[PDB]
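[1] return a 3D structure for these sequence lines:
(one chain, ligands or ions: 1)
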Amino acid sequence: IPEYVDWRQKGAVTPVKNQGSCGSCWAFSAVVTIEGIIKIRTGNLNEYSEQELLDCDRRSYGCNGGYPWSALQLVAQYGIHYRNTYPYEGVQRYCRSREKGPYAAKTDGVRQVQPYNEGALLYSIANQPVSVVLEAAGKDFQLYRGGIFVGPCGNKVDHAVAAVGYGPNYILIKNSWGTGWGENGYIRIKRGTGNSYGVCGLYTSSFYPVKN
Ligand SMILES: *[C@@H](C(=O)O)[C@@H](O)C(=O)N[C@@H](Cc1ccccc1)C(=O)NCCCCCNC(C)=O
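    Numbering: from 1, shown residues only. Below, you will see the structure:
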């Protein structure tokens, strides 16, 4: 795999979103991997509905948190609508998939990246955007305004984001905190420290959708 990967340069990443006060990071995370894999397989970049996962993933807890892998399983098992059809409202409501007509896109499954393995994560990122988790509670992460982020942070992972690239010394992460946070909504997190957890726990729990 190459020295640099940046899925934004391959037109596989949609604009940065703001999840708002809702604890829907898991849905935003899942969606950018779906947006990425649909573009990679079909050549079309579309935006898909975080709200639909928020509303419809019964194994997750709506705005109280949830699981990227659950959301990804639901798109593999059913599908997902365009964001425009099922826009983000920042609050869990009822699952309105049926009212929204046919699904816009559909994946074939979900894979886990071998945890605590930097190389496995990089290999996955070189293939497609990946849902990853990290500890975002620390003020250093929250006040991040740019640069390669080394912490400080623990491994109490609490926030799902999407890895959309990497370089020699960083993994490139799309956050869901709007374009004003970090580097126009992105953070570069240091890699290659030998910390098996990843910095801020980045290697704890990583998933990507499969699309044939
Ligand atoms: C995301 C956010 O919007 O900031 C956050 O609320 C969230 O969903 N965090 C998850 C991330 C995660 C997923 C899978 C493995 C590891 C981390 C989280 O920390 N836990 C998922 C369960 C929901 C959080 C706790 N909920 C309740 C009701 O206690």
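
[2] which bits of the chain sit near the ligand?
    By the rule CB under 6 Å from any ligand atom, the part of the chain lying against the ligand is 19, 23-26, 61, 64-68, 133, 157-160, 205. All C-beta spots, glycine's among them, are computed from the backbone N, C-alpha and C.

[3] and the residues you listed, which are buried?
    19, 23-26, 66-68, 133, 157-160, 205 (16 or more other CB atoms under 10 Å).

[4] can you tell me which of the residues of the chain next to the ligand are in strands?
    133, 159-160 (DSSP state E).

[5] quick revisit: now, which of the buried ones among the residues of the chain next to the ligand sits nearest residue 112?
    Using CB to CB, residue 205 is the member of these that sits closest to residue 112, with 7.8 Å.

[6] ok, residue 147 touching residue 188?
    Yes. The criterion here is CB atoms under 8 Å, and residue 147 meets it with residue 188 at 7.2 Å.

[7] of the two, which one has the most company?
    residue 188 (20 against 12; other CB atoms under 10 Å).

[8] nearest to residue 211, of the buried ones among the residues of the chain next to the ligand?
    residue 68 (15.9 Å).

[9] spatially central, which residue of this protein would that be?
    Central residue of the chain (CA atoms, centre = their mean): residue 29, 2.4 Å from the mean position.

[10] which residues touch it?
    Residues counted as contacts of residue 29 (CB atoms under 8 Å, 6 or more residues apart in numbering) are 68, 71, 131-132, 160-162, 176.

[11] so what's it closest to, chain neighbours aside?
    Closest residue to residue 29 apart from its sequence neighbours, by CB to CB, 6 or more residues apart in numbering: residue 160 at 3.7 Å.

[12] in this structure, which residue sits closest to the ligand?
    residue 65 (2.5 Å; CB to the nearest ligand atom).

[13] tell me the SS of residue 189?
    Three-state assignment for residue 189 (DSSP: H, G, I helix; E, B strand; the rest coil): strand.

[14] with residue 39 instead?
    helix.

[15] tally of neighbours for it?
    20.

[16] residue contacts, it?
    10-12, 45-46.

[17] show the contacting residues for the nearest residue to residue 64 once chain neighbours are set aside.
    Computed as CB to CB, 6+ apart, the closest residue to residue 64 that is not its neighbour in sequence is residue 23, at 5.4 Å. Shown in contact with residue 23 (CB under 8 Å, 6+ apart): 61-66.

[18] ok, and the most crowded of the contacts of residue 29?
    Most surrounded of those: other CB under 10 Å gives residue 71, at 33 neighbours.

[19] residues touching the one helix or strand it maps to, excluding its own?
    Under the criterion of DSSP states H and E, residue 71 resides in helix 68-77. Contact partners of helix 68-77, identified using CB under 8 Å, 6+ apart, comprise 26-27, 29-31, 33-34, 53, 56-57, 59-60, 105-110, 112, 131, 133, 160, 205, 207-210.
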